[PDB]
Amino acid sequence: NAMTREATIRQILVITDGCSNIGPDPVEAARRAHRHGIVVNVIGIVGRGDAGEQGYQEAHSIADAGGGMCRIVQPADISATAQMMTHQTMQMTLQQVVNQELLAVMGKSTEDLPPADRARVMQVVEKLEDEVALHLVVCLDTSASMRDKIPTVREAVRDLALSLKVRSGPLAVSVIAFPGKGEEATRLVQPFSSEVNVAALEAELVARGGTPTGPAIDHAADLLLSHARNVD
């Protein structure tokens, strides 16, 4: 139906091992993204040692400003965590969409409905969670300290895409790395596709440089907005 076609979900998932240390503020980038309805989620990775570089205040602020979630996890748990966050934030966004439609058709929010009707509406939301298009840009930190986390991250991203493909609705996933090749700020690893290109992840995820999280988020939002226009 129309409301399913209109309720396309747009998310940026940042996977990182510490706060930005070069370039402009990613909190502002996420705030910009969210004005377009994009939700920005952040996974911070627990590494080892004295954790000197692993500061996640910024990660929390990015998720707050981007209307999403922040979780901090060991490498073994990145895959499961990414899947949970993507589904839980998609569910929250769609609940809001349905509530707004209810108000337009009727003056009632889901809270104003009796239990039986609230249950019917939640079934509508579950259906939307399966059937809407999902546009996702995964932004992968490839600063020097990421070197030993990268192999796990490559597998996690592959697994995320595979798990999302189970849904009825279309999947469009793009991947970017930050920082970029040579002196560039980001690298497009793959354009939007229904699958993750594993050879491309292996070739393009090189751990070097600092972390320019701000430009990564801006690039991701740009990709989502360009894709929306292409789909139109």
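The first residue of the shown sequence is 1; numbering continues from there.
Inset, instruction - Decide which of the stretches 119-127 and 67-75 has the higher mean C-alpha B-factor, going by the entry. - result: The recorded data point to 119-127.
Inset, instruction - Averaging the C-alpha B factors as listed in the entry, name the stretch that ends up higher: 108-116 or 87-95. - result: Looking at the recorded C-alpha B-factors, 108-116 comes out higher on average.
Legend entry - Highest recorded Cα temperature factor - choice among 30, 59, 196, 177: Top of the list by C-alpha B-factor: 196.
Inset, instruction - Grab the CA temperature factor for residue 81 from the record and place it in the lowest, middle or highest third of its chain. - result: Middle third of the chain for residue 81's C-alpha B-factor.
Legend entry - Third of the chain's Cα B-factor distribution that residue 162 belongs to, per the entry: For residue 162, the deposited C-alpha B-factor lands in the highest third.
Legend entry - Third of the chain, ranked by Cα B-factor, where residue 55 sits: Ranked within chain, residue 55 CA B lands in the middle tercile.
Inset, instruction - Comparing against every modelled residue in the chain, figure out the third that the C-alpha B-factor of residue 215 lands in (lowest, middle or highest). - result: For residue 215, whose C-alpha B-factor we compare with every modelled residue in the chain, the answer is the middle third.
Inset, instruction - Consider only the C-alpha atoms of the modelled residues in this chain, order them by B-factor as the entry records it, and name the third containing residue 140: lowest, middle or highest. - result: It falls in the bottom third of the chain.
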